[PDB]
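Presented below is the structure to which this report refers.
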Amino acid sequence: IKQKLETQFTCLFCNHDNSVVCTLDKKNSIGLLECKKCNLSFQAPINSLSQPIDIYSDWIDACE
Amino acid sequence: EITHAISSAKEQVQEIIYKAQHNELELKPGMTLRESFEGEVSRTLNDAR
Amino acid sequence: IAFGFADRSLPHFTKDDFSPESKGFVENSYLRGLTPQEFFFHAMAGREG
Amino acid sequence: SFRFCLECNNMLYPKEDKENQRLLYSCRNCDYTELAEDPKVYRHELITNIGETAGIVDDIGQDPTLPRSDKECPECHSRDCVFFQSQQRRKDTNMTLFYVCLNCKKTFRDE
Amino acid sequence: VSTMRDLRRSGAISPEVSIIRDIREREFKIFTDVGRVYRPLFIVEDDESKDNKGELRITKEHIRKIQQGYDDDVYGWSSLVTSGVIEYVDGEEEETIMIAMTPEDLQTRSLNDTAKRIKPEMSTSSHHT
Amino acid sequence: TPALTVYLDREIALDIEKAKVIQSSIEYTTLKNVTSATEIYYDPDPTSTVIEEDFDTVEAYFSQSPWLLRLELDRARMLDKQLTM
Amino acid sequence: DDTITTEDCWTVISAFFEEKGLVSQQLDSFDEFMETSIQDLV
Amino acid sequence: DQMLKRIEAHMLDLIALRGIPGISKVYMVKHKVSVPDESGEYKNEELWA
Amino acid sequence: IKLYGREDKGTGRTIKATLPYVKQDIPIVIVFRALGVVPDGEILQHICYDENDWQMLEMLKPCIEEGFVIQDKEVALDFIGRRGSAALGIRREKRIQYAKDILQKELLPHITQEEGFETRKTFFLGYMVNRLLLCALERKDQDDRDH
Ligand SMILES: [Zn+2]
Ligand SMILES: [Zn+2]
Ligand SMILES: [Zn+2]
């Protein structure tokens, strides 16, 4: 079951807080993120030990 | 009289231990080896007292 | 009386003694007066009560 | 008794060899695989009697607190040695005292 | 462990430091913290290379001296501890020591009074050290 | 302290053996009790086994994935509960 | 070296108490604190 | 390979051979009860339970 | 150190450690790797001093099973730092050193705080887990909290 998490993470690009959703897709070991203002999304494989913090950190690293 | 009664009770407990050591003491239903062993020795000592 | 120490009640006896005195049988009566270990065991019982 | 590779040090996963009908032991961080000497894979039991004699040490005799007995030693035939019961904390442990000598320290029972 | 205990009794180690030896664990611990609890005990000679085995290290000489208050070539309890007859012990160290209730037990006894306490049987170890 | 007091039949209440049978019936002994060991042997050949513990027995009894789930049982438990393997 | 009587033990205990006393632990702890502890904290 | 172990676990547990579910153990308790007799008196009668 | 799992409930008996200044537990193998012993052979030999005790091997095996996504010091440390109870967005730049700090210090401080002495910390962790399992094997009694 996909969970849509409106986590308190801020978006780097759109200068808005709480405009980031770090969705979880463990079925195919995939990461999804939805933004609310600039609507940007990040994709990355995720394992059993990965968590929205890990996805957010990997997103930050990718953006930089 | 009472001293010899105490000696007899102590001897009974001695032999009970000697048997329980050797896996020859009967196992009381519903209780394990140690628990039945303790219950028996306690009954013996209370009775001697 | 539990084996609070390593495999015995009080350090004075050797390890793994199951005899009455070795686990809390006060042999004498008050008039005779208890021996030290037995006095300690009696103290345990009284505190528990 | 699970083991690893001698160059990768990761554990070996038993993966079936469909083609040759043989069991292999292949790691995952490397391509190092070897033969399977015994078809055993996983072995679990409910009636366990292991650990009774696993508590054997050589420094037991010198300890004064260890009791002293009168039983005969089949190896040394001495008359000054100690004894002890199993160190199993399971609720099904018995009172079979593991008599021990001071030269061979053989665990034998006086039943 | 033997030599360390010797060093402590000689005074070359602070007595409150405890030399605990664990056999069934094959471990050997020592402690020097603040807040441990300890009590003294006589040192019964136990090495089977002399008559004194099974006999107290302390001797009438020491009692006479302590009465005097000055040793003959202030001689107090500290002199006793440092001289090799008394050493402190804590609960943890107590874990692995066999004690005689009184000096009398240090010698095996041989009666049957009707109005006095009776000693424990203590028959589970036919040999005592 | 969950506990039941079960009254037996008048005939069985005075009958020790039928009381034993009834008790054995009610007693909720599951296969976990009887089992003694569980070992997974990889038997590549469905037609036979490479293990001497039952090779003769399975072969005499004879006349898919090869993974085999082999479990042992304790004779005492089965005989005491009177149920056979 | 004859047997050590009970009065010998009482002698030893009297010497002990005279050296240390009753509240020796309180005073030893406090004096050690004043001599060393405070300085090391700073 | 893991599925075989999972089957092994589910087997060791979720199979019931005999007896009502929820009965760890049963005791062959003996009982004594007052029972009326032919003459009208009440007589003891040992009964299993 | 908490021995998670129940009897045929909780699936494998995973061991998840608790560390200071964190909001979530960590598997034992991960902390083994993040402290210098990344390979499994060193890890098992340090934890285990009774090879014949197959029960230890199979009971720590689930940790090995889940301890394969991490294979080096760095992702292990970031995993640790990714749950460092710190701010959000310390990135792999400073988060790795945050993890290295929280591991060198704040952990077993009574042993040491300098670098190049992780051998002591790993040996101590191994002893701790060995004792914990032995208690989990009921080969010795749990220490009496009133002792
Ligand atoms: Zn945005
Ligand atoms: Zn590999
Ligand atoms: Zn021998």
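Residue numbers (the authors' numbering), protein chains in the order written: chain A, 15 to 78; chain B, 679 to 727; chain C, 776 to 824; chain D, 3 to 113; chain E, 590 to 662, 675 to 711, 719 to 737; chain F, 1115 to 1177, 1190 to 1211; chain G, 9 to 50; chain H, 1260 to 1308; chain I, 247 to 393.
Yeah, the Cβ is synthetic: ideal placement off N, Cα and C, and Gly gets one too.
Residue j and residue i - do their beta-carbons sit closer together than 7 Å?
i: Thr-683 (chain E); j: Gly-600 (chain E); result: yes
i: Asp-691 (chain E); j: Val-633 (chain E); result: no
i: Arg-30 (chain D); j: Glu-384 (chain I); result: no
i: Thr-732 (chain E); j: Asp-792 (chain C); result: yes
i: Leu-1195 (chain F); j: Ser-1150 (chain F); result: no
i: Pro-41 (chain D); j: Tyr-1175 (chain F); result: no
i: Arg-259 (chain I); j: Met-305 (chain I); result: yes
i: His-292 (chain I); j: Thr-368 (chain I); result: yes
i: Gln-87 (chain D); j: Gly-57 (chain D); result: no
i: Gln-699 (chain B); j: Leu-99 (chain D); result: yes
i: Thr-710 (chain B); j: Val-691 (chain B); result: no
i: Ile-276 (chain I); j: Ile-316 (chain I); result: yes
In whole angstroms, what is the alpha-carbon distance linking residue i and residue j?
i: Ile-342 (chain I); j: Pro-266 (chain I); result: 16 Å
i: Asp-82 (chain D); j: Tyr-101 (chain D); result: 12 Å
i: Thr-1143 (chain F); j: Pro-1158 (chain F); result: 34 Å
i: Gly-708 (chain B); j: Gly-45 (chain A); result: 57 Å
i: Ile-612 (chain E); j: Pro-66 (chain D); result: 11 Å
i: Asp-387 (chain I); j: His-79 (chain D); result: 33 Å
i: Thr-697 (chain E); j: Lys-649 (chain E); result: 29 Å
i: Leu-54 (chain A); j: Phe-27 (chain A); result: 9 Å
i: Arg-1124 (chain F); j: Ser-1138 (chain F); result: 18 Å
i: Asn-641 (chain E); j: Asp-10 (chain G); result: 12 Å
i: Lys-262 (chain I); j: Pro-355 (chain I); result: 20 Å
i: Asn-61 (chain A); j: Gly-313 (chain I); result: 12 Å
i: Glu-27 (chain G); j: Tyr-659 (chain E); result: 14 Å
i: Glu-54 (chain D); j: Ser-711 (chain E); result: 40 Å
i: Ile-684 (chain B); j: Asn-803 (chain C); result: 10 Å
i: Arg-337 (chain I); j: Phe-325 (chain I); result: 11 Å
i: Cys-49 (chain A); j: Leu-371 (chain I); result: 43 Å
i: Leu-1276 (chain H); j: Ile-609 (chain E); result: 54 Å
For residue i, collect the residues of the same chain with a Cβ closer than 6 Å to its Cβ; drop the 5 residues on either side in sequence, then sort them by chain order.
i: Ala-781 (chain C); result: none
i: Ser-607 (chain E); result: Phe-620, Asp-691 and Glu-694
So that I know if they touch, is there some Cβ in chain A lying closer than 7 Å to that of residue i?
i: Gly-251 (chain I); result: no
i: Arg-279 (chain I); result: no
i: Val-315 (chain I); result: yes
Near residue i, which residues of its chain fall below 7 Å by C-beta distance, leaving aside the five closest residues on each side in sequence?
i: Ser-28 (chain D); result: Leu-14, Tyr-15, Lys-17 and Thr-35
i: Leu-323 (chain I); result: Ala-280, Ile-342, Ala-345 and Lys-346
i: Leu-47 (chain A); result: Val-34, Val-35, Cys-36, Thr-37, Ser-55, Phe-56, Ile-69 and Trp-73
i: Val-1288 (chain H); result: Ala-1308
i: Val-719 (chain B); result: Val-691 and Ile-694
Going by beta carbon distance, what residues of the same chain come within less than 8 Å of residue i, once the five residues before and after it are set aside?
i: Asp-318 (chain I); result: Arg-279 and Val-284
i: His-1290 (chain H); result: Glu-1305, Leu-1306, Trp-1307 and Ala-1308
i: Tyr-250 (chain I); result: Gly-256, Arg-259, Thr-260, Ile-261 and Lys-262
So which residues on chain C does residue i lean against when the C-beta distance must stay under 7 Å?
i: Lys-706 (chain B); result: Within chain C, no residue comes near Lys-706 (chain B); the closest Cβ sits about 18 Å away, beyond 7 Å.
With a threshold of 7 Å between beta carbons, is residue i in contact with chain I?
i: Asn-96 (chain D); result: no
i: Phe-4 (chain D); result: yes
Check whether chain B comes within 7 Å of residue i, counting only Cβ atoms and requiring the distance to be less than that.
i: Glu-77 (chain D); result: no
i: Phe-816 (chain C); result: no
i: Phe-778 (chain C); result: no
Along chain C, which residues have their Cβ under 8 Å away from the Cβ of residue i?
i: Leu-68 (chain D); result: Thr-789 and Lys-790
i: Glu-696 (chain E); result: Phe-780, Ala-781 and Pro-786
Whose Cβ in chain D lies nearer than 9 Å to the Cβ of residue i?
i: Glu-1153 (chain F); result: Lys-42, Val-43, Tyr-44, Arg-45, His-46 and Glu-47
i: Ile-276 (chain I); result: Correct list: empty, because the minimum Cβ distance to chain D is about 15 Å.
Which bits of chain I does residue i rub up against, with CB to CB less than 8 Å?
i: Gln-90 (chain D); result: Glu-384 and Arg-385
For residue i, which residues in chain D fall below 7 Å Cβ to Cβ?
i: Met-699 (chain E); result: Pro-66 and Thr-67
i: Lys-346 (chain I); result: Per Cβ cutoff of 7 Å: no residues; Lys-346 (chain I) is ~23 Å from chain D at best.
Using a beta-carbon distance below 7 Å, is residue i in contact with chain H?
i: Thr-1161 (chain F); result: no
i: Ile-1140 (chain F); result: yes
i: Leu-1195 (chain F); result: yes
In chain D, which residues lie with their C-beta within 8 Å of the C-beta of residue i?
i: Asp-392 (chain I); result: Result: empty, since nearest Cβ-Cβ is about 18 Å, beyond 8 Å.
Does chain E have any CB closer than 7 Å to the CB of residue i?
i: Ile-21 (chain G); result: no
Hey, is residue i close to ligand 4, as in C-beta under 6 Å from one of its heavy atoms?
i: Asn-31 (chain D); result: Of the ligands one can find in the structure shown, namely ligand 1, ligand 2 and ligand 3, none is ligand 4.
At 8 Å on the CB atoms, spell out the chain E contacts of residue i, in chain order.
i: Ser-794 (chain C); result: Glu-729, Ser-731 and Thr-732
In chain B, what lies closer than 9 Å to residue i by C-beta?
i: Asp-112 (chain D); result: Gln-699 and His-700
Any beta carbon from chain D within less than 7 Å of residue i's own beta carbon?
i: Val-1164 (chain F); result: yes
Indicate whether at least one CB of chain F lies closer than 7 Å to the CB of residue i.
i: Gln-87 (chain D); result: no
i: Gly-1278 (chain H); result: yes
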